[PDB]
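These are the residues of each chain, in order.
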Amino acid sequence: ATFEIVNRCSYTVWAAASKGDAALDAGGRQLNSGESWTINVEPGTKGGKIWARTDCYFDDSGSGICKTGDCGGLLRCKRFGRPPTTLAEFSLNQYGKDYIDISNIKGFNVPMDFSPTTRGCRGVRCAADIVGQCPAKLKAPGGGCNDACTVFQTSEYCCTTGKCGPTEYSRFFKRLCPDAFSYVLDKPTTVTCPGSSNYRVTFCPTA
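Residues numbered from 1 in each chain as written, not as in the entry; some residues may be left out. Heavy atoms only, no water.

S.K.: I'd like to hear about the overall build of the protein chain, residue by residue, with values.
M.R.: Tallying secondary structure elements over the protein chain gives four helices and 13 strands in all. Taking 17 Å as the expected radius of gyration for a compact globule of 207 residues, we find that the protein chain reaches 16 Å, a close match to that expectation. A principal-axis box enclosing the C-alpha atoms of the protein chain has dimensions of 40 × 40 × 30 Å. Taken over 207 residues, the protein chain has a buried fraction of 50%. (Helix = DSSP H or I, 4+ residues; strand = E, 2+ residues; numbered from the N terminus. Rg over C-alpha atoms; globule rule 2.2 N^0.38 Å. Buried < 20%, exposed > 50% of the residue type's maximum accessible area, 1.4 Å probe, protein only.)

S.K.: A description of the pattern of salt bridges should follow, citing residues and the corresponding values.
M.R.: Scanning all chains against the criterion turns up eight salt bridges. A salt bridge links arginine 200 to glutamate 4; its shortest N-O distance comes to 2.7 Å. Taken as a pair, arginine 200 in strand β13 (residues 199-203) and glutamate 4 in strand β1 (residues 2-7) lie far apart in primary sequence, 196 residues in all. We note a salt bridge from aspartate 186 to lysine 174, for which the minimum N-O separation is 2.9 Å. Of the two residues, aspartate 186 sits in the loop between β11 (180-181) and β12 (191-194) while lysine 174 sits in helix α4 (residues 168-176), which places them twelve residues apart along the sequence. (Salt bridge = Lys/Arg side-chain N within 4 Å of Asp/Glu carboxyl O.)

S.K.: So what's going on with the sheet that holds strand β10 (residues 124-126)? Which residues, and what values?
M.R.: Strands sit in the order β4-β1-β13-β9-β10 across an open sheet of five strands; the sheet is mixed. Only two strands of the sheet have a single neighbouring strand rather than two, namely β4 (36-40) and β10. Within this sheet the neighbouring strands show an average axis-to-axis angle of 15°, counted without direction. As paired strands, strand β9 (residues 112-116) and β13 are joined by five bridges and run antiparallel to one another. Considered in β13, the bridge of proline 116 is made with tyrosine 199. (Pairing = 2+ DSSP bridges. Axes fitted to C-alpha atoms, helices over the stretch in contact; angles between N-to-C directions.)

S.K.: Describe the state of the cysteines, and please don't skip the residues or the numbers.
M.R.: A full pass over the atoms with the stated rule returns eight disulfides. Covalently, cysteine 134 is tied to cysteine 145 through a disulfide, its sulfur atoms 2.0 Å apart. The disulfide joining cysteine 134 to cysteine 145 has a torsion of about 80° about its S-S bond and is therefore right-handed. In this pair, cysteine 134 is assigned in the loop between α1 (130-133) and α2 (148-152) and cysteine 145 in the loop between α1 and α2, connecting sequence segments eleven residues apart. Each member of the pair, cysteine 134 as well as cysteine 145, carries the same accessibility label: buried. (Disulfide = S-S within 2.5 Å.)

S.K.: Tell me about the environment of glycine 47, residues and numbers included.
M.R.: Along the chain, the position of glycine 47 falls in the loop between β4 and β5 (48-58). The exposure class assigned to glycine 47 is partly exposed, which follows from its relative accessible area of 24%. Spatially, the C-alpha atoms of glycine 47 and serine 18 are 8.6 Å apart, while their sequence positions differ by 29 residues. When residues no more than four places from it in sequence are discounted, the contact partners of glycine 47 are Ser18, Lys19, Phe80, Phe90 and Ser91. (Contact = heavy atoms within 4.5 Å.)

S.K.: Quick rundown of the nonpolar core? Include the residues and the values.
M.R.: Ranked by size, the top nonpolar core spans 41 residues in total, and within it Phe3, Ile50, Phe90, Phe114, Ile130 and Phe203 carry the most contacts. Ranked by the residues each element gives to this core, the list is headed by α4, at four residues. Beyond its immediate stretch of four places on either side in the chain, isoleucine 130 contacts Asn104, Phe108, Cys145, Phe172, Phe173, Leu176 and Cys177. Formed by five residues, the second largest nonpolar core is a distinct cluster that contains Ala16, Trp51, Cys71 and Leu87. (Core = buried A, V, L, I, M, F, W, Y, C linked by side-chain atoms within 4.5 Å.)

S.K.: Kindly report on the packing of aromatic side chains, identifying the contributing residues and their values.
M.R.: All told, the structure shown has ten aromatic pairs when counted by the stated rule. Consider the rings of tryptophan 51 and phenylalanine 80, whose centres lie 6.3 Å apart with planes at 75°: the pair is edge-to-face. Linking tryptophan 51 in strand β5 with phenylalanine 80 in the loop between β6 (64-68) and β7 (87-94), this pair joins segments that are 29 residues apart in sequence. The buried category is assigned to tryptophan 51, whose relative accessible area is 1%. Given the relative accessible area of 35%, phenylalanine 80 is considered partly exposed. Three or more aromatic residues joined by ring pairs make a cluster, and in this case those are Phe3, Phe90, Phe114 and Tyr199. The ring of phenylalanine 80 has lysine 49 lying over it, and the distance from NZ or CZ to the ring centre is 5.1 Å. (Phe/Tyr/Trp six-rings, centres within 6.5 Å; stacked < 30°, edge-to-face > 60°. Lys NZ or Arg CZ within 6 Å of the ring centre and 35° of its normal.)

Okay, here's the thing in structure tokens:
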């Protein structure tokens with residue numbers, strides 16, 4: 001499957017793509033404002049994620065640090081990134097269907113649109129100013145708006161027992177971005193697409 005990753009933000013982001021135990025394609029790349037990065041993702045990929053990282057510094061060898069979404073200090077992410085990270089999530093070719101969603105379960109750093117470039121389903125978007133509106137206790141100093149599980153590490157926010165409800169914090173994310181997951185047991189906002197669809201992830205879609 002083809003993913004076009006487009007940075008419409010006025011600032012540079014370092015895109016990342018991983019399935020948790022391996023990079024997807026090159027795994028990461030700098031995207032200046034306006035740049036597009038096309039990656040190929042193996043059919044059948046389960047649990048892939050794409051996110052943006054902000055305020056990164058890397059050396060010759062691709063080692064460094066980012067203020068949001070750092071994946072163990074690598075340019076080319078092999079693992080998932082450190083919150084806060086708005087997440088484009090996808091599982092491809094699952095019994096003939098693709099499943100895509102946007103998630104705020106790991107917080108929010110960059111607004112995002114996640115849309116098919118082929119026929120048969122709709123896209124999803126979280127483009128509200130979540131960082132500007134972020135509750136004081138969830139603000140990340142590096143930038144971004146943390147989720148409550150990351151901040152407070154309770155069974156209720158992290159849904160560790162498999163039973164949990166919405167919270168004042170999850171409702172904040174949900175109020176600004178109804179089409180994104182706001183906590184683990186949120187009513188699913190997953191979109192079902194035809195198997196082997198292609199996609200575009202746009203950072204700052206309303207920029």
